[PDB]
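Participant: Input start-v4.txt, format and content: compact mmCIF, N, CA and C atoms and all ligand atoms.
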# COMPACT_ATOMS: atom_id res chain seq x y z
N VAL A 6 -56.30 -30.85 -17.03
CA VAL A 6 -55.41 -30.53 -15.85
C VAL A 6 -54.20 -29.66 -16.22
N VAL A 7 -53.51 -29.17 -15.18
CA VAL A 7 -52.29 -28.35 -15.32
C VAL A 7 -51.41 -28.50 -14.08
N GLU A 8 -50.11 -28.74 -14.31
CA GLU A 8 -49.12 -28.86 -13.25
C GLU A 8 -48.70 -27.50 -12.70
N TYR A 9 -48.57 -27.43 -11.38
CA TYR A 9 -48.15 -26.21 -10.71
C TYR A 9 -47.14 -26.56 -9.63
N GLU A 10 -46.41 -25.50 -9.18
CA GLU A 10 -45.31 -25.69 -8.22
C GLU A 10 -45.21 -24.70 -7.06
N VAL A 11 -45.17 -25.20 -5.82
CA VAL A 11 -44.85 -24.34 -4.67
C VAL A 11 -43.67 -24.86 -3.81
N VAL A 12 -43.24 -24.05 -2.83
CA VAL A 12 -42.13 -24.40 -1.91
C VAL A 12 -42.56 -24.88 -0.51
N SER A 13 -41.90 -25.92 -0.04
CA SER A 13 -42.20 -26.54 1.25
C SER A 13 -40.80 -27.03 1.65
N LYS A 14 -40.15 -26.28 2.56
CA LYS A 14 -38.83 -26.68 3.02
C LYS A 14 -38.57 -26.11 4.40
N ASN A 15 -37.97 -26.93 5.25
CA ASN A 15 -37.56 -26.48 6.57
C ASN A 15 -36.18 -26.82 7.05
N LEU A 16 -35.24 -25.89 6.74
CA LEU A 16 -33.81 -26.04 6.94
C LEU A 16 -33.38 -25.45 8.28
N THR A 17 -32.06 -25.41 8.51
CA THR A 17 -31.48 -24.91 9.76
C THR A 17 -31.83 -23.45 10.06
N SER A 18 -31.58 -22.56 9.09
CA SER A 18 -31.77 -21.12 9.28
C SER A 18 -33.16 -20.56 8.91
N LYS A 19 -33.78 -21.09 7.84
CA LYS A 19 -35.07 -20.57 7.36
C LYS A 19 -36.08 -21.65 7.04
N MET A 20 -37.32 -21.24 6.81
CA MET A 20 -38.36 -22.15 6.42
C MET A 20 -39.33 -21.48 5.45
N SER A 21 -39.51 -22.11 4.29
CA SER A 21 -40.45 -21.62 3.32
C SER A 21 -41.57 -22.65 3.24
N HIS A 22 -42.77 -22.25 3.66
CA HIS A 22 -43.92 -23.15 3.78
C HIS A 22 -45.06 -22.61 2.94
N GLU A 23 -45.27 -23.23 1.79
CA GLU A 23 -46.34 -22.79 0.90
C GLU A 23 -47.29 -23.94 0.70
N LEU A 24 -48.56 -23.65 0.92
CA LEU A 24 -49.63 -24.59 0.62
C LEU A 24 -50.69 -23.97 -0.29
N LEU A 25 -51.33 -24.78 -1.10
CA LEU A 25 -52.35 -24.24 -1.93
C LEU A 25 -53.67 -24.88 -1.56
N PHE A 26 -54.70 -24.01 -1.47
CA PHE A 26 -56.07 -24.28 -0.99
C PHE A 26 -56.99 -24.33 -2.20
N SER A 27 -57.98 -25.20 -2.18
CA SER A 27 -58.93 -25.19 -3.30
C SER A 27 -60.17 -24.34 -3.00
N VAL A 28 -60.42 -23.32 -3.81
CA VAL A 28 -61.52 -22.39 -3.52
C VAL A 28 -62.83 -23.12 -3.61
N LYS A 29 -62.93 -23.95 -4.65
CA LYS A 29 -64.10 -24.76 -4.90
C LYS A 29 -64.24 -25.79 -3.76
N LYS A 30 -63.22 -26.62 -3.55
CA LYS A 30 -63.27 -27.68 -2.52
C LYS A 30 -63.30 -27.17 -1.08
N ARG A 31 -63.01 -25.89 -0.88
CA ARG A 31 -63.08 -25.26 0.44
C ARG A 31 -62.25 -25.97 1.52
N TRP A 32 -61.14 -26.51 1.05
CA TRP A 32 -60.10 -27.12 1.87
C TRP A 32 -58.80 -27.26 1.09
N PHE A 33 -57.70 -27.70 1.70
CA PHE A 33 -56.40 -27.72 0.97
C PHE A 33 -56.31 -28.70 -0.23
N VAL A 34 -55.45 -28.43 -1.22
CA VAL A 34 -55.34 -29.37 -2.33
C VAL A 34 -54.37 -30.53 -2.07
N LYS A 35 -54.85 -31.76 -2.27
CA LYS A 35 -54.03 -33.00 -2.18
C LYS A 35 -52.89 -33.02 -3.23
N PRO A 36 -51.62 -32.95 -2.78
CA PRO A 36 -50.54 -32.83 -3.75
C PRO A 36 -50.13 -34.20 -4.28
N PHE A 37 -49.82 -34.28 -5.57
CA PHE A 37 -49.50 -35.57 -6.22
C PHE A 37 -48.07 -36.04 -5.94
N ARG A 38 -47.18 -35.09 -5.66
CA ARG A 38 -45.83 -35.41 -5.23
C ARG A 38 -45.17 -34.34 -4.36
N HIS A 39 -44.26 -34.88 -3.49
CA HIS A 39 -43.51 -33.95 -2.66
C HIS A 39 -42.01 -34.29 -2.85
N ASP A 40 -41.31 -33.19 -2.83
CA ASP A 40 -39.91 -33.29 -3.13
C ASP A 40 -39.17 -32.85 -1.88
N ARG A 41 -38.83 -33.82 -1.04
CA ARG A 41 -37.98 -33.57 0.12
C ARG A 41 -36.67 -33.00 -0.31
N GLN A 42 -36.16 -33.53 -1.43
CA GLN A 42 -34.84 -33.20 -1.93
C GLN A 42 -34.70 -31.73 -2.29
N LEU A 43 -35.56 -31.23 -3.15
CA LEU A 43 -35.53 -29.81 -3.47
C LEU A 43 -36.57 -28.99 -2.69
N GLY A 44 -37.25 -29.61 -1.73
CA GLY A 44 -38.18 -28.91 -0.86
C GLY A 44 -39.32 -28.30 -1.66
N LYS A 45 -40.15 -29.15 -2.24
CA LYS A 45 -41.20 -28.68 -3.13
C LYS A 45 -42.47 -29.52 -3.11
N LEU A 46 -43.60 -28.83 -3.33
CA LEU A 46 -44.88 -29.51 -3.47
C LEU A 46 -45.36 -29.38 -4.92
N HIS A 47 -45.86 -30.49 -5.46
CA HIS A 47 -46.33 -30.59 -6.85
C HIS A 47 -47.81 -30.91 -6.94
N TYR A 48 -48.50 -30.06 -7.67
CA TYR A 48 -49.93 -30.10 -7.73
C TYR A 48 -50.41 -30.33 -9.14
N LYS A 49 -51.55 -31.06 -9.21
CA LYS A 49 -52.19 -31.22 -10.50
C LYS A 49 -53.51 -30.51 -10.18
N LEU A 50 -53.62 -29.29 -10.73
CA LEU A 50 -54.80 -28.51 -10.51
C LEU A 50 -55.82 -28.38 -11.60
N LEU A 51 -57.07 -28.81 -11.27
CA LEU A 51 -58.14 -28.63 -12.23
C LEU A 51 -58.12 -27.13 -12.45
N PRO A 52 -58.20 -26.68 -13.72
CA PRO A 52 -58.43 -25.25 -13.94
C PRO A 52 -59.57 -24.69 -13.08
N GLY A 53 -59.24 -23.65 -12.30
CA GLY A 53 -60.19 -22.97 -11.40
C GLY A 53 -59.47 -21.93 -10.55
N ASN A 54 -60.10 -21.56 -9.44
CA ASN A 54 -59.51 -20.58 -8.52
C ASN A 54 -58.92 -21.24 -7.28
N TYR A 55 -57.75 -20.75 -6.87
CA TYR A 55 -57.00 -21.32 -5.76
C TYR A 55 -56.33 -20.25 -4.91
N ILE A 56 -56.40 -20.41 -3.59
CA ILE A 56 -55.60 -19.57 -2.70
C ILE A 56 -54.30 -20.26 -2.30
N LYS A 57 -53.18 -19.59 -2.48
CA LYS A 57 -51.93 -20.11 -1.95
C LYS A 57 -51.61 -19.44 -0.64
N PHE A 58 -51.37 -20.23 0.40
CA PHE A 58 -50.96 -19.69 1.68
C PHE A 58 -49.47 -19.78 1.88
N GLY A 59 -48.84 -18.62 2.01
CA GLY A 59 -47.39 -18.52 2.21
C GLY A 59 -46.95 -18.17 3.63
N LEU A 60 -46.05 -18.97 4.19
CA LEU A 60 -45.39 -18.64 5.45
C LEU A 60 -43.87 -18.76 5.31
N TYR A 61 -43.18 -17.64 5.51
CA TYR A 61 -41.74 -17.54 5.25
C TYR A 61 -41.05 -17.15 6.54
N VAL A 62 -40.10 -18.00 6.97
CA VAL A 62 -39.59 -17.79 8.32
C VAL A 62 -38.06 -17.84 8.48
N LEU A 63 -37.49 -16.69 8.84
CA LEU A 63 -36.08 -16.64 9.20
C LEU A 63 -36.08 -16.84 10.68
N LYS A 64 -35.64 -18.03 11.05
CA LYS A 64 -35.73 -18.48 12.42
C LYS A 64 -34.81 -17.61 13.28
N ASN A 65 -33.55 -17.51 12.85
CA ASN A 65 -32.52 -16.71 13.54
C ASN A 65 -32.91 -15.24 13.65
N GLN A 66 -33.80 -14.80 12.77
CA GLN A 66 -34.29 -13.43 12.81
C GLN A 66 -35.59 -13.30 13.63
N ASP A 67 -36.04 -14.42 14.20
CA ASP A 67 -37.38 -14.55 14.82
C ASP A 67 -38.44 -13.89 13.93
N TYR A 68 -38.25 -14.09 12.62
CA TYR A 68 -38.95 -13.38 11.55
C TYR A 68 -39.94 -14.30 10.88
N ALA A 69 -41.14 -13.79 10.66
CA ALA A 69 -42.13 -14.53 9.91
C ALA A 69 -42.89 -13.59 9.00
N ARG A 70 -42.96 -13.95 7.73
CA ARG A 70 -43.80 -13.21 6.79
C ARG A 70 -44.94 -14.08 6.33
N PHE A 71 -46.16 -13.66 6.58
CA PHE A 71 -47.25 -14.45 6.10
C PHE A 71 -47.95 -13.75 4.93
N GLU A 72 -48.22 -14.51 3.87
CA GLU A 72 -48.86 -13.98 2.67
C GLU A 72 -50.10 -14.79 2.29
N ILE A 73 -50.87 -14.26 1.34
CA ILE A 73 -51.97 -15.00 0.72
C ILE A 73 -51.99 -14.56 -0.72
N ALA A 74 -51.94 -15.52 -1.63
CA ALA A 74 -51.93 -15.16 -3.02
C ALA A 74 -53.11 -15.79 -3.73
N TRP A 75 -53.65 -15.09 -4.72
CA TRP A 75 -54.75 -15.61 -5.51
C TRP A 75 -54.20 -16.21 -6.80
N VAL A 76 -54.53 -17.48 -7.03
CA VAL A 76 -53.97 -18.26 -8.14
C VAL A 76 -55.06 -18.67 -9.15
N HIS A 77 -55.09 -18.03 -10.21
CA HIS A 77 -56.11 -18.24 -11.24
C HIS A 77 -55.55 -19.07 -12.40
N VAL A 78 -56.22 -20.13 -12.66
CA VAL A 78 -55.79 -21.07 -13.72
C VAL A 78 -56.86 -21.20 -14.82
N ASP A 79 -56.48 -20.95 -16.07
CA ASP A 79 -57.45 -21.13 -17.16
C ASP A 79 -57.31 -22.44 -17.93
N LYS A 80 -58.34 -22.74 -18.72
CA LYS A 80 -58.43 -24.00 -19.44
C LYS A 80 -57.35 -24.13 -20.51
N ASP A 81 -56.78 -22.99 -20.90
CA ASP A 81 -55.56 -22.96 -21.72
C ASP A 81 -54.27 -23.32 -20.93
N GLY A 82 -54.41 -23.60 -19.63
CA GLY A 82 -53.28 -24.05 -18.80
C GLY A 82 -52.46 -22.90 -18.25
N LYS A 83 -52.92 -21.68 -18.54
CA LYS A 83 -52.24 -20.45 -18.14
C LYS A 83 -52.41 -20.17 -16.63
N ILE A 84 -51.29 -19.92 -15.94
CA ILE A 84 -51.30 -19.61 -14.49
C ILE A 84 -50.91 -18.16 -14.21
N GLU A 85 -51.60 -17.58 -13.24
CA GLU A 85 -51.40 -16.20 -12.89
C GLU A 85 -51.69 -16.11 -11.41
N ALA A 86 -50.68 -15.74 -10.64
CA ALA A 86 -50.86 -15.55 -9.20
C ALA A 86 -50.64 -14.09 -8.82
N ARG A 87 -51.27 -13.65 -7.75
CA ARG A 87 -51.15 -12.28 -7.28
C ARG A 87 -51.24 -12.32 -5.76
N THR A 88 -50.45 -11.51 -5.09
CA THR A 88 -50.60 -11.42 -3.64
C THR A 88 -51.77 -10.48 -3.27
N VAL A 89 -52.52 -10.86 -2.25
CA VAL A 89 -53.68 -10.10 -1.86
C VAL A 89 -53.56 -9.61 -0.44
N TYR A 90 -52.50 -10.10 0.23
CA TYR A 90 -52.29 -9.90 1.65
C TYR A 90 -50.85 -10.26 1.95
N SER A 91 -50.31 -9.59 2.96
CA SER A 91 -48.96 -9.87 3.39
C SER A 91 -48.84 -9.13 4.71
N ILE A 92 -48.05 -9.72 5.61
CA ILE A 92 -47.69 -9.12 6.89
C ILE A 92 -46.41 -9.72 7.37
N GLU A 93 -45.72 -8.96 8.19
CA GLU A 93 -44.49 -9.44 8.74
C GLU A 93 -44.53 -9.31 10.26
N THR A 94 -44.08 -10.36 10.95
CA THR A 94 -44.11 -10.37 12.40
C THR A 94 -43.11 -11.36 13.00
N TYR A 95 -43.11 -11.46 14.33
CA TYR A 95 -42.21 -12.34 15.02
C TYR A 95 -42.64 -13.76 14.81
N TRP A 96 -41.69 -14.67 14.68
CA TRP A 96 -42.02 -16.06 14.40
C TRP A 96 -42.64 -16.65 15.64
N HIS A 97 -42.11 -16.20 16.78
CA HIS A 97 -42.60 -16.63 18.07
C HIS A 97 -44.09 -16.36 18.22
N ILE A 98 -44.58 -15.26 17.65
CA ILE A 98 -46.00 -14.94 17.70
C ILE A 98 -46.81 -15.86 16.80
N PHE A 99 -46.24 -16.15 15.64
CA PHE A 99 -46.87 -17.05 14.71
C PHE A 99 -46.93 -18.46 15.28
N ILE A 100 -45.86 -18.93 15.91
CA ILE A 100 -45.88 -20.27 16.54
C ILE A 100 -46.89 -20.34 17.68
N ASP A 101 -47.28 -19.17 18.15
CA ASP A 101 -48.18 -19.07 19.27
C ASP A 101 -49.64 -19.21 18.82
N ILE A 102 -49.91 -18.74 17.61
CA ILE A 102 -51.22 -18.86 16.99
C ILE A 102 -51.72 -20.31 16.90
N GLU A 103 -50.81 -21.26 16.66
CA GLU A 103 -51.16 -22.68 16.66
C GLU A 103 -52.01 -23.04 17.85
N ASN A 104 -51.57 -22.64 19.04
CA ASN A 104 -52.31 -22.92 20.27
C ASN A 104 -53.51 -22.01 20.58
N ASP A 105 -53.80 -21.04 19.71
CA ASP A 105 -54.94 -20.15 19.95
C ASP A 105 -56.23 -20.88 19.70
N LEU A 106 -57.00 -20.98 20.78
CA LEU A 106 -58.25 -21.73 20.81
C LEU A 106 -59.27 -21.11 19.83
N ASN A 107 -59.60 -19.84 20.03
CA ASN A 107 -60.56 -19.15 19.18
C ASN A 107 -59.88 -18.39 18.04
N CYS A 108 -59.42 -19.13 17.04
CA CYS A 108 -58.75 -18.53 15.89
C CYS A 108 -59.28 -19.12 14.58
N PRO A 109 -58.93 -18.49 13.47
CA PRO A 109 -59.38 -18.96 12.15
C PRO A 109 -58.79 -20.31 11.91
N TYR A 110 -59.65 -21.31 11.87
CA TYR A 110 -59.19 -22.67 11.90
C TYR A 110 -58.22 -22.95 10.76
N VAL A 111 -58.65 -22.75 9.53
CA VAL A 111 -57.80 -23.00 8.38
C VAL A 111 -56.43 -22.38 8.61
N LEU A 112 -56.41 -21.19 9.27
CA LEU A 112 -55.09 -20.61 9.62
C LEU A 112 -54.35 -21.49 10.65
N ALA A 113 -54.98 -21.76 11.79
CA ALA A 113 -54.40 -22.67 12.78
C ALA A 113 -54.03 -24.04 12.17
N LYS A 114 -54.70 -24.44 11.08
CA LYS A 114 -54.38 -25.71 10.45
C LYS A 114 -53.19 -25.60 9.48
N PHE A 115 -53.22 -24.60 8.60
CA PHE A 115 -52.04 -24.29 7.78
C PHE A 115 -50.72 -24.31 8.56
N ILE A 116 -50.64 -23.45 9.58
CA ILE A 116 -49.52 -23.38 10.46
C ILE A 116 -49.19 -24.77 10.94
N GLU A 117 -50.21 -25.48 11.42
CA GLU A 117 -49.97 -26.80 11.97
C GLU A 117 -49.43 -27.84 11.01
N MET A 118 -49.69 -27.65 9.72
CA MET A 118 -49.13 -28.53 8.72
C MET A 118 -47.83 -28.03 8.16
N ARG A 119 -47.12 -27.16 8.88
CA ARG A 119 -45.80 -26.70 8.41
C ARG A 119 -44.84 -27.90 8.27
N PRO A 120 -43.81 -27.80 7.39
CA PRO A 120 -42.81 -28.88 7.22
C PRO A 120 -41.97 -29.18 8.44
N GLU A 121 -41.83 -30.48 8.71
CA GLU A 121 -40.88 -31.00 9.68
C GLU A 121 -39.46 -30.87 9.11
N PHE A 122 -38.46 -30.76 9.99
CA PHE A 122 -37.08 -30.46 9.58
C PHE A 122 -36.67 -31.30 8.35
N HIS A 123 -36.30 -30.59 7.28
CA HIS A 123 -35.76 -31.17 6.03
C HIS A 123 -36.73 -32.05 5.29
N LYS A 124 -37.98 -31.97 5.70
CA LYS A 124 -39.03 -32.73 5.10
C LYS A 124 -39.84 -31.66 4.43
N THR A 125 -40.90 -32.10 3.74
CA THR A 125 -41.83 -31.12 3.24
C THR A 125 -43.05 -31.35 4.13
N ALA A 126 -44.01 -30.44 4.03
CA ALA A 126 -45.29 -30.60 4.69
C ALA A 126 -46.05 -31.62 3.84
N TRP A 127 -47.25 -32.02 4.27
CA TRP A 127 -48.11 -32.90 3.47
C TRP A 127 -49.61 -32.64 3.68
N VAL A 128 -50.43 -32.94 2.68
CA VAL A 128 -51.87 -32.77 2.79
C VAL A 128 -52.58 -34.12 2.78
N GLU A 129 -53.65 -34.22 3.57
CA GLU A 129 -54.37 -35.50 3.69
C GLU A 129 -55.75 -35.57 3.01
N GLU A 130 -55.99 -36.92 2.57
CA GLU A 130 -57.21 -37.09 1.80
C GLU A 130 -58.38 -36.59 2.65
N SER A 131 -59.29 -35.85 2.03
CA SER A 131 -60.39 -35.22 2.74
C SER A 131 -61.61 -34.92 1.86
N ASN A 132 -62.82 -34.93 2.54
CA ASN A 132 -63.97 -34.36 1.81
C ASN A 132 -64.48 -33.21 2.70
N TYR A 133 -63.70 -32.89 3.73
CA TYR A 133 -64.14 -31.96 4.76
C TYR A 133 -64.17 -30.54 4.23
N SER A 134 -65.11 -29.72 4.71
CA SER A 134 -65.16 -28.34 4.22
C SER A 134 -65.42 -27.38 5.37
N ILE A 135 -64.75 -26.23 5.36
CA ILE A 135 -65.03 -25.17 6.33
C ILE A 135 -66.35 -24.49 6.03
N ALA A 136 -66.77 -23.66 7.00
CA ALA A 136 -68.07 -23.00 6.84
C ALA A 136 -68.16 -21.80 5.90
N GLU A 137 -67.09 -21.01 5.83
CA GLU A 137 -67.15 -19.74 5.14
C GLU A 137 -66.73 -19.86 3.66
N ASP A 138 -67.08 -18.89 2.82
CA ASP A 138 -66.50 -18.84 1.47
C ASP A 138 -65.12 -18.15 1.49
N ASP A 139 -64.42 -18.20 0.37
CA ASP A 139 -63.03 -17.75 0.32
C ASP A 139 -62.83 -16.29 0.75
N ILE A 140 -63.79 -15.42 0.43
CA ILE A 140 -63.75 -14.00 0.84
C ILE A 140 -63.82 -13.86 2.36
N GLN A 141 -64.93 -14.35 2.92
CA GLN A 141 -65.13 -14.36 4.38
C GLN A 141 -63.89 -14.91 5.04
N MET A 142 -63.44 -16.04 4.51
CA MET A 142 -62.34 -16.82 5.07
C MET A 142 -61.06 -16.00 5.16
N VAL A 143 -60.61 -15.52 4.02
CA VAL A 143 -59.48 -14.64 3.94
C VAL A 143 -59.65 -13.47 4.90
N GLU A 144 -60.83 -12.83 4.88
CA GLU A 144 -61.09 -11.67 5.74
C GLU A 144 -61.00 -11.99 7.22
N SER A 145 -61.47 -13.17 7.60
CA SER A 145 -61.41 -13.64 8.99
C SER A 145 -60.00 -13.79 9.46
N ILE A 146 -59.15 -14.21 8.54
CA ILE A 146 -57.76 -14.41 8.83
C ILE A 146 -57.11 -13.05 9.00
N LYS A 147 -57.45 -12.14 8.10
CA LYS A 147 -56.87 -10.83 8.12
C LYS A 147 -57.24 -10.18 9.42
N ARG A 148 -58.55 -10.13 9.69
CA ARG A 148 -59.11 -9.46 10.86
C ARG A 148 -58.41 -9.94 12.13
N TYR A 149 -58.19 -11.25 12.19
CA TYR A 149 -57.50 -11.86 13.31
C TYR A 149 -56.05 -11.35 13.40
N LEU A 150 -55.24 -11.67 12.40
CA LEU A 150 -53.83 -11.24 12.40
C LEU A 150 -53.58 -9.81 12.84
N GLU A 151 -54.42 -8.88 12.41
CA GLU A 151 -54.31 -7.49 12.84
C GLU A 151 -54.42 -7.38 14.37
N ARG A 152 -55.50 -7.93 14.94
CA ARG A 152 -55.69 -7.99 16.40
C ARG A 152 -54.56 -8.75 17.09
N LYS A 153 -54.12 -9.83 16.45
CA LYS A 153 -53.03 -10.63 16.96
C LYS A 153 -51.71 -9.85 16.95
N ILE A 154 -51.52 -9.00 15.94
CA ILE A 154 -50.26 -8.26 15.76
C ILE A 154 -50.38 -6.82 16.27
NI NI B 201 -60.26 -16.68 -16.49
So, in terms of C-alpha cells, how does the structure I just supplied come out?
Ligand code: NI
Facilitator:
Amino acid sequence: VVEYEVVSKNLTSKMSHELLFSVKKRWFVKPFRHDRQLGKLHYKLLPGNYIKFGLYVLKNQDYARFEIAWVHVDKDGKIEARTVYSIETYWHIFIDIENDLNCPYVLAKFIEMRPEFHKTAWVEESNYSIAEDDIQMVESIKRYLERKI
C-alpha cells in the first residue's frame, strides 16, 4: 500500500472538492480518514491507476473549475499525477448539473457528494460498478460538459 492526500473543504468564500476514483474498481475509493479540521481526505491506495476528480469553487465569483487528473502509483510507492482535462464555468451551472436527468452519472454523483459546510465529503462502502471503462467514462463527461457549457 501507499498513503495519498487530496482536498475536501467547504468554507464561506470557496470550496475545494477532490475525490479519487478507482480505475480498477470502477467506482470511488473508500477513504480511511477525513480531516474536517484541515479539510482533507486520506487514502490508502493499492498501487494502480486512479482518476482524481477536482471541483474548485469560488462561490462569490460564481466560479467553478472542474478538472480530471490521472494518478499513477507504482509498487515502489511513487506517485505521479497529471491533469487530463480542465474547464472553467459558472458555479450555478455546475450546481444545475446535479439535477440533470440524462447526464454522466459518476459526474452527477461526484457533484452530489460535495462537502457540506466546514465538513469534508465522504465515500460509502460499495461493490457497485458503472458500465463504461475509464476512457469512455472520462470522454462521456467531457462530451457532456462541452454541450452543457
Ligand atoms: Ni508504472
Participant: From the list A:86, A:150, A:78, A:16, which residue is nearest residue 124 (chain A) when using only N, CA and C atoms?
Facilitator: A:16
Participant: Using only N, CA and C atoms, can you tell me which of A:115, A:58, A:122, A:26 comes closest to residue 14 (chain A)?
Facilitator: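 The closest residue to residue 14 (chain A) is A:122.
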Participant: Residues proximal to (-42.4, -13.5, 12.9) were defined as those with any atom within 5 Å of that point in the file's coordinates, counting all atoms listed in the file. Which are they, as a list in words?
Facilitator: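 Output of the proximity query reads residues 67, 68, 69, 94, 95, 96 and 97 of chain A.
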Participant: Restrict the selected residues to N, CA and C atoms and save them as a PDB file, in the coordinates of the input.
Facilitator:
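The file below, again.pdb, is the result:
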ATOM      1  N   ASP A  67     -36.040 -14.420  14.200  1.00  0.00           N
ATOM      2  CA  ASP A  67     -37.380 -14.550  14.820  1.00  0.00           C
ATOM      3  C   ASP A  67     -38.440 -13.890  13.930  1.00  0.00           C
ATOM      4  N   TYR A  68     -38.250 -14.090  12.620  1.00  0.00           N
ATOM      5  CA  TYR A  68     -38.950 -13.380  11.550  1.00  0.00           C
ATOM      6  C   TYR A  68     -39.940 -14.300  10.880  1.00  0.00           C
ATOM      7  N   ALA A  69     -41.140 -13.790  10.660  1.00  0.00           N
ATOM      8  CA  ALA A  69     -42.130 -14.530   9.910  1.00  0.00           C
ATOM      9  C   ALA A  69     -42.890 -13.590   9.000  1.00  0.00           C
ATOM     10  N   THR A  94     -44.080 -10.360  10.950  1.00  0.00           N
ATOM     11  CA  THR A  94     -44.110 -10.370  12.400  1.00  0.00           C
ATOM     12  C   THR A  94     -43.110 -11.360  13.000  1.00  0.00           C
ATOM     13  N   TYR A  95     -43.110 -11.460  14.330  1.00  0.00           N
ATOM     14  CA  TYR A  95     -42.210 -12.340  15.020  1.00  0.00           C
ATOM     15  C   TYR A  95     -42.640 -13.760  14.810  1.00  0.00           C
ATOM     16  N   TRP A  96     -41.690 -14.670  14.680  1.00  0.00           N
ATOM     17  CA  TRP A  96     -42.020 -16.060  14.400  1.00  0.00           C
ATOM     18  C   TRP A  96     -42.640 -16.650  15.640  1.00  0.00           C
ATOM     19  N   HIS A  97     -42.110 -16.200  16.780  1.00  0.00           N
ATOM     20  CA  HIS A  97     -42.600 -16.630  18.070  1.00  0.00           C
ATOM     21  C   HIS A  97     -44.090 -16.360  18.220  1.00  0.00           C
TER      22      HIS A  97
END
Participant: Write out as a ChimeraX atom specification each polymer residue whose atoms come within 7 Å of residue 17 (chain A), counting all atoms listed in the file; drop sequence neighbours fewer than 4 positions from it.
Facilitator: /A:64-65,123
Participant: Please identify every polymer residue within 8 Å of ligand NI 201 (chain B), using only N, CA and C atoms and all ligand atoms, and present the set as a list in words.
Facilitator: residues 53, 77, 78, 79 and 80 of chain A
Participant: Contacts of residue 71 (chain A) at 7 Å or less, counting all atoms listed in the file, minus same-chain residues fewer than 3 places along, as a ChimeraX atom specification?
Facilitator: /A:58-61,90-94
Participant: So how many Å separate atom C of residue 30 (chain A) and CA of residue 137 (chain A), to one decimal?
Facilitator: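 Interatomic distance, atom C of residue 30 (chain A) to CA of residue 137 (chain A): 10.4 Å.
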Participant: Could you pull out the strand (DSSP E) residues of region 50-109 of chain A from DSSP and send them as a count of residues only?
Facilitator: 33
Participant: Restricting the calculation to only C-alpha atoms: of A:41, A:119, A:22, A:152, which residue gets closest to residue 72 (chain A)?
Facilitator: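 For residue 72 (chain A), the nearest of the given residues is A:22.
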Participant: In Å, how far is it from atom C of residue 142 (chain A) to atom C of residue 51 (chain A)?
Facilitator: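 Atom C of residue 142 (chain A) sits 21.0 Å away from atom C of residue 51 (chain A).
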Participant: Name the closest residue to residue 10 (chain A) among the candidates A:46, A:118, A:84, A:126; distances are taken between atoms, counting only N, CA and C atoms.
Facilitator: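 With only N, CA and C atoms as the atom set, the closest residue is A:46.
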Participant: Which value, in Å to one decimal, gives the distance between CA of residue 101 (chain A) and CA of residue 130 (chain A)?
Facilitator: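 Going from CA of residue 101 (chain A) over to CA of residue 130 (chain A), I get 26.7 Å.
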Participant: Find the residues around residue 25 (chain A) up to 6 Å (all atoms listed in the file counted), leave out those fewer than 2 positions away in its own chain, and share them as a list in words.
Facilitator: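 Skipping anything fewer than 2 positions along the chain leaves residues 23, 27, 33, 34, 56, 57 and 58 of chain A.
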Participant: Please, could you write that set of residues out with N, CA and C atoms as a compact mmCIF listing (two decimals), in the frame of the given file?
Facilitator:
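The resulting out_36.txt:
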# COMPACT_ATOMS: atom_id res chain seq x y z
N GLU A 23 -45.27 -23.23 1.79
CA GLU A 23 -46.34 -22.79 0.90
C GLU A 23 -47.29 -23.94 0.70
N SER A 27 -57.98 -25.20 -2.18
CA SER A 27 -58.93 -25.19 -3.30
C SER A 27 -60.17 -24.34 -3.00
N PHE A 33 -57.70 -27.70 1.70
CA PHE A 33 -56.40 -27.72 0.97
C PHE A 33 -56.31 -28.70 -0.23
N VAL A 34 -55.45 -28.43 -1.22
CA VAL A 34 -55.34 -29.37 -2.33
C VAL A 34 -54.37 -30.53 -2.07
N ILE A 56 -56.40 -20.41 -3.59
CA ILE A 56 -55.60 -19.57 -2.70
C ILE A 56 -54.30 -20.26 -2.30
N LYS A 57 -53.18 -19.59 -2.48
CA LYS A 57 -51.93 -20.11 -1.95
C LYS A 57 -51.61 -19.44 -0.64
N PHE A 58 -51.37 -20.23 0.40
CA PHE A 58 -50.96 -19.69 1.68
C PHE A 58 -49.47 -19.78 1.88
Participant: Would you mind telling me which residue in A:63, A:133, A:127, A:98 lies nearest to residue 21 (chain A) when using all atoms listed in the file?
Facilitator: A:63
Participant: Please give the complete set of residues from region 55-124 of chain A that DSSP, run on the backbone, assigns to alpha helix (DSSP H), formatted as a PyMOL selection string.
Facilitator: chain A and resi 96-102+110-117
Participant: Restricting the calculation to only C-alpha atoms, which member of A:143, A:73, A:12, A:6 is positioned closest to residue 42 (chain A)?
Facilitator: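 Selected residue with least distance to residue 42 (chain A): A:12.
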